Amino acid sequence: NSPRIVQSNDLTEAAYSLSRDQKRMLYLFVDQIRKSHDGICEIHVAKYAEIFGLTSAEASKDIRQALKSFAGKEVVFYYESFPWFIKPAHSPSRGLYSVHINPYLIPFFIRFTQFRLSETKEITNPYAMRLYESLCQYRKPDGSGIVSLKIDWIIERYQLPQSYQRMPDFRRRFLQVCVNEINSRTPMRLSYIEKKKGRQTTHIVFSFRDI
DNA sequence: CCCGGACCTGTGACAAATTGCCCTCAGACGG
DNA sequence: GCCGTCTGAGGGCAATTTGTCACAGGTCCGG
Ligand SMILES: [Mg+2]
Ligand SMILES: [Mg+2]
Ligand SMILES: [Mg+2]
Ligand SMILES: [Mg+2]
(Lines give C-alpha, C1' and ligand atoms only; values in the text may rest on other atoms or scores of the structure.)
(Ligands and ions follow the chains in the order given, each with its own letter.)
Protein backbone atom coordinates (compact mmCIF):
# COMPACT_ATOMS: atom_id res chain seq x y z
CA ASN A 1 0.00 0.00 0.00
CA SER A 2 2.78 2.65 -0.38
CA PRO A 3 6.03 3.21 -2.30
CA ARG A 4 8.74 0.72 -1.42
CA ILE A 5 12.07 2.55 -1.07
CA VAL A 6 15.12 0.40 -1.78
CA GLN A 7 18.71 1.58 -1.77
CA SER A 8 22.27 0.26 -1.90
CA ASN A 9 23.91 -0.35 1.44
CA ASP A 10 26.57 2.04 0.18
CA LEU A 11 24.09 4.86 0.64
CA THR A 12 22.81 3.55 4.00
CA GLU A 13 26.39 3.72 5.29
CA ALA A 14 27.63 6.87 3.48
CA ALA A 15 28.89 9.99 5.29
CA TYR A 16 26.67 13.05 4.78
CA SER A 17 24.65 15.75 6.56
CA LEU A 18 21.06 16.24 5.35
CA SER A 19 17.97 17.78 6.96
CA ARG A 20 14.64 15.99 7.42
CA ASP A 21 13.11 17.87 4.45
CA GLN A 22 16.14 17.10 2.28
CA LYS A 23 16.08 13.40 3.22
CA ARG A 24 12.33 13.28 2.40
CA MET A 25 12.97 14.63 -1.10
CA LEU A 26 15.90 12.23 -1.44
CA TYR A 27 13.60 9.21 -1.06
CA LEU A 28 11.50 10.36 -4.01
CA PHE A 29 14.52 10.97 -6.25
CA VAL A 30 15.76 7.46 -5.51
CA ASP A 31 12.26 6.22 -6.26
CA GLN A 32 12.16 8.13 -9.56
CA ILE A 33 15.69 7.14 -10.65
CA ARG A 34 15.13 3.49 -9.82
CA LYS A 35 11.89 3.19 -11.86
CA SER A 36 13.73 3.18 -15.19
CA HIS A 37 18.64 7.86 -17.04
CA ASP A 38 20.82 11.07 -17.00
CA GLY A 39 19.85 12.02 -13.41
CA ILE A 40 17.01 14.51 -14.03
CA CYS A 41 14.14 14.23 -11.53
CA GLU A 42 11.06 16.30 -10.77
CA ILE A 43 9.04 17.07 -7.65
CA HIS A 44 5.43 18.33 -7.55
CA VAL A 45 4.31 20.58 -4.68
CA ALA A 46 0.76 19.19 -4.53
CA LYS A 47 2.00 15.56 -4.36
CA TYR A 48 4.58 16.32 -1.65
CA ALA A 49 1.94 18.02 0.47
CA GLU A 50 -0.37 15.02 0.18
CA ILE A 51 2.36 12.43 0.81
CA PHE A 52 3.60 14.07 4.04
CA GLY A 53 0.27 15.63 5.10
CA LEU A 54 1.30 19.26 4.66
CA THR A 55 -0.54 22.26 3.39
CA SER A 56 0.37 23.49 -0.04
CA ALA A 57 1.86 26.64 1.47
CA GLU A 58 4.12 24.90 3.97
CA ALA A 59 5.08 22.26 1.37
CA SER A 60 6.26 25.08 -0.96
CA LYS A 61 8.40 26.55 1.84
CA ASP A 62 10.00 23.14 2.59
CA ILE A 63 10.98 22.29 -1.02
CA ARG A 64 12.44 25.72 -1.72
CA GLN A 65 14.58 25.86 1.39
CA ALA A 66 15.71 22.20 1.13
CA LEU A 67 16.71 22.87 -2.49
CA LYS A 68 18.88 25.89 -1.76
CA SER A 69 20.55 24.11 1.15
CA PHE A 70 21.94 21.39 -1.15
CA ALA A 71 24.62 23.76 -2.48
CA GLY A 72 28.01 22.71 -1.21
CA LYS A 73 26.73 19.41 0.30
CA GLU A 74 28.98 16.42 -0.48
CA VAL A 75 28.75 12.60 -0.11
CA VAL A 76 31.51 10.20 0.90
CA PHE A 77 31.65 6.47 0.19
CA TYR A 78 34.32 4.76 2.32
CA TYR A 79 37.15 7.17 0.44
CA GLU A 80 35.47 9.02 -2.43
CA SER A 81 33.47 12.28 -2.38
CA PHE A 82 30.82 13.56 -4.84
CA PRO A 83 28.44 16.55 -4.99
CA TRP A 84 24.73 15.77 -4.97
CA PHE A 85 23.77 18.45 -7.56
CA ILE A 86 25.76 19.63 -10.57
CA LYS A 87 23.35 22.41 -11.61
CA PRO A 88 20.97 24.58 -9.57
CA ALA A 89 17.33 23.55 -9.27
CA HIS A 90 14.71 25.52 -11.21
CA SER A 91 10.91 25.79 -11.68
CA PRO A 92 9.55 25.58 -15.26
CA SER A 93 5.92 25.63 -14.20
CA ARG A 94 4.34 27.05 -11.13
CA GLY A 95 4.22 24.27 -8.50
CA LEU A 96 6.87 22.11 -10.15
CA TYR A 97 10.59 21.84 -9.56
CA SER A 98 13.19 20.26 -11.84
CA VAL A 99 16.47 18.97 -10.41
CA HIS A 100 19.77 17.55 -11.75
CA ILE A 101 21.21 14.80 -9.55
CA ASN A 102 24.91 14.00 -10.19
CA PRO A 103 24.66 11.15 -12.77
CA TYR A 104 27.82 9.55 -11.29
CA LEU A 105 25.74 8.78 -8.16
CA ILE A 106 23.41 6.39 -10.00
CA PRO A 107 25.50 3.26 -9.42
CA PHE A 108 25.67 4.12 -5.70
CA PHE A 109 21.86 4.36 -5.53
CA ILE A 110 21.18 1.04 -7.26
CA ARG A 111 23.61 -6.12 -0.80
CA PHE A 112 20.74 -3.71 -0.25
CA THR A 113 18.43 -1.98 2.25
CA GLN A 114 14.65 -1.61 1.91
CA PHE A 115 11.72 -0.03 3.76
CA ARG A 116 8.24 1.14 2.95
CA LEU A 117 8.02 4.93 2.79
CA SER A 118 5.19 5.14 5.35
CA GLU A 119 7.58 3.66 7.95
CA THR A 120 9.72 6.80 8.10
CA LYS A 121 7.52 9.69 7.08
CA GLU A 122 6.40 10.69 10.57
CA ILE A 123 9.94 10.69 12.02
CA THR A 124 11.08 14.25 12.62
CA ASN A 125 14.80 14.10 13.68
CA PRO A 126 17.08 13.32 10.68
CA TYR A 127 19.53 11.36 12.83
CA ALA A 128 16.64 9.10 13.81
CA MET A 129 15.90 8.57 10.11
CA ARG A 130 19.55 7.56 9.72
CA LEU A 131 19.41 5.06 12.60
CA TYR A 132 16.19 3.48 11.28
CA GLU A 133 17.76 3.04 7.83
CA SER A 134 20.82 1.35 9.27
CA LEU A 135 18.64 -1.07 11.25
CA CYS A 136 16.50 -1.96 8.19
CA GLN A 137 19.73 -3.05 6.45
CA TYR A 138 19.85 -5.92 8.98
CA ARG A 139 16.16 -6.79 9.15
CA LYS A 140 14.94 -10.34 8.54
CA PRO A 141 11.83 -11.15 6.44
CA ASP A 142 9.78 -11.86 9.53
CA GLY A 143 10.66 -8.43 10.91
CA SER A 144 13.27 -8.69 13.66
CA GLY A 145 16.99 -8.13 13.84
CA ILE A 146 20.10 -7.53 15.91
CA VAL A 147 23.20 -5.40 15.15
CA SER A 148 26.21 -3.83 16.93
CA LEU A 149 27.19 -0.34 15.76
CA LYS A 150 30.48 1.22 16.79
CA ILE A 151 30.22 4.65 18.43
CA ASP A 152 32.96 6.33 16.33
CA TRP A 153 31.40 4.90 13.17
CA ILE A 154 28.03 6.41 14.17
CA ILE A 155 29.84 9.73 14.68
CA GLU A 156 31.72 9.51 11.35
CA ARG A 157 28.80 8.37 9.13
CA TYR A 158 25.93 10.32 10.60
CA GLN A 159 28.23 13.36 11.12
CA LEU A 160 26.98 14.06 14.62
CA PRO A 161 27.85 17.56 15.82
CA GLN A 162 31.07 17.95 17.71
CA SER A 163 29.73 18.02 21.29
CA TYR A 164 28.27 14.48 20.96
CA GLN A 165 31.85 13.26 21.33
CA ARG A 166 31.20 13.74 25.06
CA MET A 167 29.32 10.53 25.88
CA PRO A 168 26.78 12.06 28.34
CA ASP A 169 25.65 14.45 25.57
CA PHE A 170 25.62 11.57 23.05
CA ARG A 171 23.21 9.64 25.33
CA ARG A 172 20.89 12.55 26.14
CA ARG A 173 20.50 14.46 22.84
CA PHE A 174 20.97 11.66 20.24
CA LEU A 175 20.55 8.02 21.42
CA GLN A 176 17.62 8.28 23.79
CA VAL A 177 15.70 10.73 21.63
CA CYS A 178 16.04 8.66 18.46
CA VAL A 179 15.25 5.36 20.14
CA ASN A 180 12.10 7.04 21.45
CA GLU A 181 10.94 8.49 18.10
CA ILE A 182 11.40 5.09 16.48
CA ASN A 183 9.39 3.47 19.27
CA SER A 184 6.71 6.17 18.98
CA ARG A 185 6.60 6.88 15.23
CA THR A 186 7.43 3.63 13.37
CA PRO A 187 6.02 0.08 13.56
CA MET A 188 9.35 -1.05 15.11
CA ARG A 189 10.03 -1.86 18.76
CA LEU A 190 13.64 -1.16 19.60
CA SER A 191 15.87 -1.84 22.62
CA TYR A 192 19.59 -1.48 23.17
CA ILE A 193 22.44 -2.06 25.60
CA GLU A 194 25.83 -0.49 25.96
CA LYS A 195 29.04 -2.37 25.35
CA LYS A 196 31.90 -1.10 27.39
CA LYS A 197 35.64 -1.56 27.46
CA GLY A 198 37.31 -0.24 30.57
CA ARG A 199 35.86 3.19 31.29
CA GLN A 200 34.91 3.88 27.68
CA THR A 201 31.64 2.87 26.02
CA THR A 202 32.55 1.62 22.56
CA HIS A 203 29.51 0.09 20.81
CA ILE A 204 25.75 0.07 21.01
CA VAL A 205 23.93 -3.26 20.56
CA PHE A 206 20.50 -2.90 19.00
CA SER A 207 17.78 -5.53 19.10
CA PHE A 208 14.42 -5.02 17.50
CA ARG A 209 11.16 -6.61 16.68
CA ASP A 210 8.01 -5.84 14.63
CA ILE A 211 4.51 -5.14 15.95
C1' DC B 1 47.04 7.21 54.02
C1' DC B 2 45.73 11.89 51.17
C1' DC B 3 46.85 15.05 47.44
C1' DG B 4 46.20 16.98 42.60
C1' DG B 5 45.10 15.31 38.28
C1' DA B 6 42.97 12.59 34.39
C1' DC B 7 39.28 9.99 33.49
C1' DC B 8 34.22 8.95 33.79
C1' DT B 9 28.94 10.05 34.85
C1' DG B 10 24.51 13.14 35.07
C1' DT B 11 22.05 17.76 35.29
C1' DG B 12 20.96 22.94 35.10
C1' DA B 13 21.38 26.87 32.14
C1' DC B 14 21.28 29.25 28.07
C1' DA B 15 21.93 29.82 22.75
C1' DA B 16 20.74 28.47 18.11
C1' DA B 17 17.80 26.06 15.26
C1' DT B 18 13.43 23.92 13.86
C1' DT B 19 8.59 22.95 14.43
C1' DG B 20 3.55 23.54 12.73
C1' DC B 21 0.81 27.89 12.39
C1' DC B 22 -0.93 32.20 10.52
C1' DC B 23 -1.75 35.99 6.95
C1' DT B 24 -1.14 38.29 2.02
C1' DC B 25 -1.60 38.50 -2.50
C1' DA B 26 -0.91 37.42 -7.41
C1' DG B 27 -0.89 33.10 -11.07
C1' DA B 28 -3.57 29.52 -13.75
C1' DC B 29 -7.65 27.93 -15.11
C1' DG B 30 -12.48 27.07 -16.39
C1' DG B 31 -17.26 28.16 -17.05
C1' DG C 1 -13.96 37.92 -21.26
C1' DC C 2 -14.21 38.89 -16.61
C1' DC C 3 -14.11 37.01 -12.06
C1' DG C 4 -14.30 33.42 -8.26
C1' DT C 5 -11.79 29.89 -6.60
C1' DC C 6 -8.01 26.86 -5.86
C1' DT C 7 -2.66 27.26 -5.44
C1' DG C 8 1.46 28.38 -3.83
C1' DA C 9 5.19 31.87 -3.26
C1' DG C 10 6.16 35.17 -0.10
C1' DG C 11 6.41 37.29 4.70
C1' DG C 12 6.17 36.36 9.61
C1' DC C 13 5.21 34.04 14.93
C1' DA C 14 5.84 31.55 19.64
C1' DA C 15 6.72 26.92 21.57
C1' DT C 16 9.89 22.97 21.44
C1' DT C 17 13.92 20.54 20.29
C1' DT C 18 18.75 20.43 19.53
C1' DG C 19 23.70 21.92 20.54
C1' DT C 20 27.05 23.73 24.04
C1' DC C 21 29.38 24.05 28.39
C1' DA C 22 29.98 24.85 33.65
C1' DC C 23 29.77 22.42 37.78
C1' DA C 24 28.56 18.40 41.16
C1' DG C 25 30.13 14.01 42.18
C1' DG C 26 32.32 9.15 41.30
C1' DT C 27 37.04 6.09 40.31
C1' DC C 28 42.06 5.10 40.04
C1' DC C 29 46.95 6.53 39.24
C1' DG C 30 51.36 8.22 40.76
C1' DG C 31 53.95 10.61 43.85
MG1 LIG D 1 8.60 23.56 7.52
MG1 LIG E 1 40.36 17.40 51.96
MG1 LIG F 1 24.39 17.26 47.12
MG1 LIG G 1 36.34 15.57 42.73
Side-chain angles (χ1 to χ4, degrees), chain A residues 15-29 32 41-74 84-85 88-99 117-135 148-186 188 190-205:
Chain A
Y16 64 82
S17 177
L18 297 179
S19 81
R20 182 205 58 180
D21 292 352
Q22 290 169 321
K23 272 192 80 61
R24 277 172 171 183
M25 287 173 68
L26 174 53
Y27 289 146
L28 317 168
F29 299 147
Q32 172 149 28
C41 309
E42 311 184 1
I43 291 179
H44 292 64
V45 180
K47 184 178 71 68
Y48 186 111
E50 203 191 316
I51 287 182
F52 300 108
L54 295 168
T55 64
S56 180
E58 184 73 28
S60 172
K61 197 202 292 294
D62 292 343
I63 290 91
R64 292 184 283 111
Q65 293 180 350
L67 277 181
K68 281 65 173 165
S69 291
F70 268 99
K73 296 292 182 74
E74 81 194 22
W84 296 99
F85 295 7
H90 82 80
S91 164
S93 306
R94 184 176 173 191
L96 183 162
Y97 293 82
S98 176
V99 64
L117 171 76
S118 53
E119 280 166 76
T120 63
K121 58 189 197 172
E122 215 198 322
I123 309 182
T124 309
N125 190 314
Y127 300 139
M129 311 171 74
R130 296 298 312 270
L131 179 56
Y132 184 104
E133 277 167 54
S134 277
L135 296 164
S148 160
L149 295 174
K150 221 196 161 179
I151 290 173
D152 291 318
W153 178 102
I154 286 178
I155 287 165
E156 184 191 60
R157 304 301 165 93
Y158 304 176
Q159 293 200 321
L160 297 192
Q162 171 164 12
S163 75
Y164 298 163
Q165 286 202 80
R166 210 183 68 99
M167 208 52 82
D169 294 326
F170 178 101
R171 283 181 192 106
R172 183 160 74 155
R173 292 286 196 260
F174 155 69
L175 182 57
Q176 283 158 205
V177 303
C178 295
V179 162
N180 291 339
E181 282 206 0
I182 290 170
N183 276 321
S184 175
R185 297 257 166 86
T186 73
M188 194 156 70
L190 179 65
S191 85
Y192 70 85
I193 60 173
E194 297 189 12
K195 176 158 154 195
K196 65 182 172 170
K197 170 175 291 297
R199 286 187 190 137
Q200 280 72 44
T201 292
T202 70
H203 305 53
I204 307 282
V205 173

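Letters go in sequence order (proteins before strands), and every chain restarts at 1. What you see below is based on every heavy atom in this structure, not just the backbone, and it leaves out hydrogens, waters and symmetry mates.
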Is [N] a north or a south sugar when classified by the sign of torsion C1'-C2'-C3'-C4'?
N      : result
C/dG12 : north
B/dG20 : south
C/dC13 : north

Closest nucleotide among C/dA9, B/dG10, B/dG20 to the A/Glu58 side chain: B/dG20

Could you check A/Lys61 against A/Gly95 and say which one's nearest nucleotide on DNA chain C is further toward the 5' end? A/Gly95

When you measure from the side-chain N and O atoms of [X] to the phosphate of [N], is any distance below 4.0 Å, counting only OP1 and OP2?
X       : N      : answer
A/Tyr48 : C/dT7  : no
A/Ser60 : C/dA9  : yes
A/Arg20 : B/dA17 : no

In whole angstroms, how far is the P atom of C/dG11 from the CD atom of A/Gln65? 10 Å

Pick the nucleotide of DNA chain B nearest each of A/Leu54 and A/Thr201; which residue has the one closer to the 5' end? A/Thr201

Under the 6.0 Å and 45° cation-pi test, does A/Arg173 pair with A/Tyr127? no

Scan nucleotides 15-31 of chain C nucleotide by nucleotide, 5' to 3', and note B when protein non-hydrogen atoms come under 4.0 Å of the base, S if they reach only the sugar-phosphate, - if neither. ---BBBBB----BS---

Dump the pairs, protein N or O against N or O of nucleotides 24-27 of chain B, anything under 3.5 Å, distances to one decimal.
residue: B/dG27; atom: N3; partner: A/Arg94; partner atom: NH1; Å: 2.7

